[PDB]
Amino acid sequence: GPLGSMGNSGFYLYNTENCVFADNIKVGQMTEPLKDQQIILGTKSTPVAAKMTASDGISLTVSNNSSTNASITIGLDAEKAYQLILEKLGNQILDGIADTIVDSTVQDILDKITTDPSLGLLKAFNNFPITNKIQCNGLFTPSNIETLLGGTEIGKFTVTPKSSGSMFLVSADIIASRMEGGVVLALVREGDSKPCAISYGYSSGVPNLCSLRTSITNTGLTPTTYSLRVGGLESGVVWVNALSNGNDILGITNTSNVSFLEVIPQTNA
(Lines of atoms letter the chains of each structure in order from A and count residues from 1; the text may use other names and numbers.)
(Lines give C-alpha, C1' and ligand atoms only; values in the text may rest on other atoms or scores of the structure.)
Protein backbone atom coordinates (compact mmCIF):
# COMPACT_ATOMS: atom_id res chain seq x y z
CA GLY A 1 0.00 0.00 0.00
CA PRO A 2 1.60 3.27 1.27
CA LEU A 3 5.31 3.72 0.56
CA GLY A 4 6.86 5.24 3.64
CA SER A 5 7.88 8.60 4.97
CA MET A 6 11.47 9.61 4.41
CA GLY A 7 13.42 8.80 1.26
CA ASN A 8 11.10 8.85 -1.70
CA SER A 9 10.19 12.00 -3.56
CA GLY A 10 8.54 13.24 -6.69
CA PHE A 11 5.13 14.75 -7.33
CA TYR A 12 1.87 13.54 -5.91
CA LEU A 13 -1.82 14.30 -5.98
CA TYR A 14 -3.25 15.68 -2.76
CA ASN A 15 -6.95 15.82 -3.50
CA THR A 16 -7.11 18.04 -6.52
CA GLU A 17 -3.75 19.61 -5.69
CA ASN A 18 -0.64 18.54 -7.59
CA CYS A 19 2.14 18.87 -4.98
CA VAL A 20 5.89 18.37 -5.05
CA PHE A 21 6.95 16.12 -2.17
CA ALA A 22 10.42 15.34 -0.84
CA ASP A 23 12.34 14.50 2.35
CA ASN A 24 13.81 18.00 2.35
CA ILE A 25 14.55 20.89 -0.02
CA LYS A 26 17.65 22.75 -1.27
CA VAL A 27 17.02 25.53 -3.74
CA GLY A 28 19.17 28.35 -5.09
CA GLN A 29 22.23 29.72 -3.33
CA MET A 30 21.53 27.24 -0.51
CA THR A 31 24.62 25.07 -0.54
CA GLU A 32 22.72 22.51 1.54
CA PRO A 33 19.05 21.67 2.38
CA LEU A 34 17.24 23.08 5.45
CA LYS A 35 18.85 23.00 8.93
CA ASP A 36 17.44 24.08 12.31
CA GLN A 37 15.28 27.23 12.51
CA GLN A 38 16.00 27.85 8.82
CA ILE A 39 13.36 29.02 6.38
CA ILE A 40 13.33 29.68 2.64
CA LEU A 41 13.88 33.34 1.93
CA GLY A 42 14.15 34.62 -1.63
CA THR A 43 16.52 37.34 -2.70
CA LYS A 44 15.96 38.95 -6.11
CA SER A 45 18.46 36.27 -7.21
CA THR A 46 18.38 32.61 -6.15
CA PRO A 47 16.94 32.40 -2.58
CA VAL A 48 18.95 31.81 0.65
CA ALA A 49 18.10 29.87 3.81
CA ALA A 50 17.50 32.53 6.44
CA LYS A 51 17.44 31.89 10.19
CA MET A 52 14.87 33.87 12.14
CA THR A 53 16.29 35.46 15.30
CA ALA A 54 15.56 38.17 17.88
CA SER A 55 17.21 41.63 17.68
CA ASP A 56 17.27 43.48 21.05
CA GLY A 57 15.67 40.29 22.29
CA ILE A 58 12.19 39.15 21.25
CA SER A 59 10.27 36.04 22.32
CA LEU A 60 10.77 33.24 19.79
CA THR A 61 9.01 29.97 20.60
CA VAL A 62 9.84 27.13 18.20
CA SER A 63 8.38 23.61 18.48
CA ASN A 64 10.95 21.37 16.78
CA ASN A 65 10.17 17.78 17.84
CA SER A 66 6.45 18.29 17.10
CA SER A 67 5.33 17.32 13.56
CA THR A 68 1.79 18.24 14.53
CA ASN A 69 0.85 21.79 15.60
CA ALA A 70 4.32 23.37 15.36
CA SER A 71 4.90 27.12 15.49
CA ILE A 72 7.05 30.21 15.95
CA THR A 73 5.46 32.57 18.48
CA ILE A 74 6.70 36.15 18.70
CA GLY A 75 6.62 38.52 21.70
CA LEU A 76 8.13 41.12 24.03
CA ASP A 77 11.15 40.62 26.31
CA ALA A 78 9.92 42.90 29.06
CA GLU A 79 12.94 43.63 31.27
CA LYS A 80 15.05 43.89 28.12
CA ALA A 81 12.40 46.14 26.59
CA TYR A 82 11.73 48.85 29.13
CA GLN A 83 15.48 49.01 29.81
CA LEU A 84 15.96 50.07 26.21
CA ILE A 85 13.08 52.51 26.39
CA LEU A 86 14.79 54.20 29.33
CA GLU A 87 18.21 53.94 27.70
CA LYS A 88 16.90 55.97 24.78
CA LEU A 89 14.40 58.59 25.96
CA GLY A 90 14.79 58.47 29.76
CA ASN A 91 16.42 61.91 29.70
CA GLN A 92 13.33 63.77 28.37
CA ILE A 93 10.87 61.63 30.32
CA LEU A 94 12.53 62.70 33.58
CA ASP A 95 12.27 66.34 32.51
CA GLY A 96 8.52 66.17 31.85
CA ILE A 97 7.68 64.26 35.00
CA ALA A 98 9.86 66.76 36.97
CA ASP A 99 7.92 69.79 35.79
CA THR A 100 5.01 67.77 37.20
CA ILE A 101 6.68 66.99 40.59
CA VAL A 102 7.14 70.76 41.10
CA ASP A 103 3.58 71.10 42.48
CA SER A 104 3.13 67.32 42.85
CA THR A 105 5.23 66.67 45.99
CA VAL A 106 4.94 70.15 47.54
CA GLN A 107 1.18 70.40 47.90
CA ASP A 108 1.33 66.88 49.36
CA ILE A 109 3.93 67.66 52.03
CA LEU A 110 2.30 70.92 53.06
CA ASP A 111 -0.92 68.93 53.38
CA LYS A 112 0.78 66.34 55.59
CA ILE A 113 2.18 69.08 57.85
CA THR A 114 -1.31 70.29 58.59
CA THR A 115 -3.30 67.04 58.55
CA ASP A 116 -0.89 64.92 60.61
CA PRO A 117 -0.52 64.91 64.47
CA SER A 118 2.14 62.18 64.56
CA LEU A 119 4.75 64.36 62.84
CA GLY A 120 4.68 65.91 65.34
CA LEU A 121 5.54 69.54 64.73
CA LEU A 122 2.81 72.17 64.50
CA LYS A 123 1.77 72.84 68.12
CA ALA A 124 -1.36 74.69 69.31
CA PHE A 125 -1.36 77.88 71.39
CA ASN A 126 -4.17 79.89 72.97
CA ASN A 127 -4.13 82.84 75.33
CA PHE A 128 -7.17 83.96 77.28
CA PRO A 129 -7.25 87.48 78.74
CA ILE A 130 -9.37 88.16 81.79
CA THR A 131 -10.33 91.77 82.40
CA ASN A 132 -13.32 91.58 84.75
CA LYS A 133 -13.23 92.72 88.31
CA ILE A 134 -14.17 89.63 90.32
CA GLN A 135 -14.81 89.43 94.02
CA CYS A 136 -13.58 85.93 94.91
CA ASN A 137 -15.59 85.00 97.97
CA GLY A 138 -14.98 81.24 97.94
CA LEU A 139 -12.15 80.08 100.14
CA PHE A 140 -9.79 77.18 99.95
CA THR A 141 -9.87 75.09 103.10
CA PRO A 142 -8.40 71.64 103.71
CA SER A 143 -11.97 70.48 103.41
CA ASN A 144 -12.68 71.80 99.91
CA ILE A 145 -9.23 71.62 98.34
CA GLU A 146 -9.79 68.05 97.18
CA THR A 147 -13.24 68.74 95.85
CA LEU A 148 -14.79 71.04 93.26
CA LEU A 149 -15.91 73.72 95.79
CA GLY A 150 -12.63 75.59 96.27
CA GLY A 151 -12.74 79.35 95.74
CA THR A 152 -14.67 81.24 93.03
CA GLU A 153 -14.44 80.59 89.23
CA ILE A 154 -12.88 83.33 87.12
CA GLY A 155 -12.41 81.71 83.70
CA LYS A 156 -13.18 78.61 81.65
CA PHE A 157 -11.26 77.79 78.49
CA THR A 158 -11.41 75.23 75.75
CA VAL A 159 -8.15 73.94 74.30
CA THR A 160 -7.43 71.39 71.58
CA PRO A 161 -4.00 69.86 70.85
CA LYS A 162 -2.84 69.61 67.21
CA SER A 163 -0.39 66.76 67.99
CA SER A 164 -0.72 63.35 69.58
CA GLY A 165 0.71 62.60 73.06
CA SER A 166 1.51 66.17 73.88
CA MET A 167 1.02 68.43 76.84
CA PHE A 168 0.01 71.97 77.55
CA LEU A 169 2.39 74.26 79.29
CA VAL A 170 -0.08 76.35 81.25
CA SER A 171 0.57 79.75 82.78
CA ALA A 172 -2.15 81.58 84.59
CA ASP A 173 -0.99 84.97 85.90
CA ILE A 174 -3.70 86.89 87.61
CA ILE A 175 -3.67 90.38 89.11
CA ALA A 176 -5.04 89.87 92.59
CA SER A 177 -5.50 91.91 95.69
CA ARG A 178 -6.54 91.03 99.26
CA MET A 179 -6.05 92.24 102.81
CA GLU A 180 -2.69 90.80 103.97
CA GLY A 181 -2.85 87.07 103.36
CA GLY A 182 -2.38 84.33 100.78
CA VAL A 183 -4.04 83.60 97.47
CA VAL A 184 -4.80 80.15 96.02
CA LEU A 185 -5.32 79.29 92.37
CA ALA A 186 -6.83 75.96 91.29
CA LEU A 187 -6.90 74.68 87.69
CA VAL A 188 -9.63 72.09 87.16
CA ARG A 189 -10.26 69.87 84.15
CA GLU A 190 -13.94 69.18 83.47
CA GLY A 191 -14.73 65.59 84.31
CA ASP A 192 -12.32 65.56 87.24
CA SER A 193 -13.64 65.72 90.82
CA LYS A 194 -10.82 67.88 92.10
CA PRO A 195 -8.26 70.33 90.75
CA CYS A 196 -5.54 69.03 88.44
CA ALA A 197 -3.17 71.85 89.64
CA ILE A 198 -2.89 74.09 92.70
CA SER A 199 -0.77 77.23 93.31
CA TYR A 200 -0.23 80.25 95.58
CA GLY A 201 0.56 83.96 95.59
CA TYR A 202 0.37 86.85 98.11
CA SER A 203 -0.98 90.33 98.38
CA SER A 204 -0.12 92.89 101.03
CA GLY A 205 -3.47 94.57 100.46
CA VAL A 206 -1.96 96.03 97.30
CA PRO A 207 -2.34 94.27 93.91
CA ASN A 208 0.12 91.64 93.00
CA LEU A 209 0.47 89.09 90.24
CA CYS A 210 -0.49 85.62 91.59
CA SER A 211 0.34 82.76 89.21
CA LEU A 212 -0.08 79.00 88.55
CA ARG A 213 2.25 77.23 86.14
CA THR A 214 1.97 73.57 85.25
CA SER A 215 2.27 71.01 82.44
CA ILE A 216 -0.91 69.02 81.87
CA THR A 217 -0.90 65.87 79.87
CA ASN A 218 -3.27 65.57 76.89
CA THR A 219 -5.53 62.58 76.44
CA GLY A 220 -6.87 62.68 72.87
CA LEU A 221 -6.94 65.23 70.07
CA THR A 222 -10.31 65.95 71.61
CA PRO A 223 -11.13 69.48 72.90
CA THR A 224 -10.89 69.82 76.66
CA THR A 225 -12.19 72.41 79.06
CA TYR A 226 -10.35 73.79 82.07
CA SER A 227 -11.88 76.07 84.62
CA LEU A 228 -9.75 78.44 86.67
CA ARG A 229 -10.78 79.07 90.30
CA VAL A 230 -9.35 81.61 92.78
CA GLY A 231 -9.81 82.25 96.52
CA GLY A 232 -8.07 83.06 99.80
CA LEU A 233 -5.97 80.65 101.88
CA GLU A 234 -8.40 79.47 104.62
CA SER A 235 -9.61 83.08 105.15
CA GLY A 236 -10.06 86.26 103.16
CA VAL A 237 -11.57 87.99 100.18
CA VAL A 238 -9.59 88.19 97.01
CA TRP A 239 -10.36 90.54 94.19
CA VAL A 240 -9.13 89.60 90.78
CA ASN A 241 -8.32 92.64 88.59
CA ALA A 242 -9.22 95.12 91.32
CA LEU A 243 -8.12 96.77 94.49
CA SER A 244 -8.77 95.40 97.96
CA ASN A 245 -12.27 97.06 97.85
CA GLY A 246 -12.95 96.28 94.19
CA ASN A 247 -12.08 99.73 92.78
CA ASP A 248 -10.15 99.95 89.51
CA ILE A 249 -6.43 99.63 89.97
CA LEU A 250 -4.95 102.98 88.92
CA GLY A 251 -8.47 103.85 87.81
CA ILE A 252 -8.11 101.75 84.62
CA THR A 253 -9.13 98.36 83.25
CA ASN A 254 -6.47 95.70 83.93
CA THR A 255 -5.71 92.40 82.32
CA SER A 256 -4.95 88.96 83.68
CA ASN A 257 -3.89 86.09 81.45
CA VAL A 258 -4.18 82.31 81.19
CA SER A 259 -2.28 80.61 78.38
CA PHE A 260 -1.91 77.11 77.06
CA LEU A 261 1.07 76.14 74.89
CA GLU A 262 1.24 72.71 73.29
CA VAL A 263 4.57 70.92 73.75
CA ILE A 264 5.88 67.39 73.12
CA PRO A 265 7.52 65.92 76.23
CA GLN A 266 10.87 64.12 76.03
CA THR A 267 11.34 61.32 78.60
CA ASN A 268 12.68 62.64 81.93
CA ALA A 269 14.51 59.88 83.80
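Note that residue numbering follows the sequence shown and begins at 1.
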query: Higher-B stretch (mean Cα B-factor, as the entry records it), 157-165 or 127-135; finding: 157-165
query: Mean temperature factor over C-alpha atoms, higher-scoring stretch between 238-246 and 47-55; finding: 47-55
query: Most elevated Cα B-factor in the entry, residues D173, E146, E180, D111; finding: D111
query: Among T141, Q83, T152, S199 - the residue whose C-alpha B-factor is largest in the record; finding: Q83
query: Chain third (lowest, middle, highest) by recorded CA B-factor, residue given as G42; finding: highest
query: Ranked C-alpha temperature factor of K26 among modelled chain residues, by third; finding: middle
query: Where the record places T217 (Cα B-factor, split into thirds across the chain); finding: middle
query: Chain-relative CA temperature factor third for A70; finding: highest
query: Lowest, middle or highest third - CA B-factor, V102; finding: highest
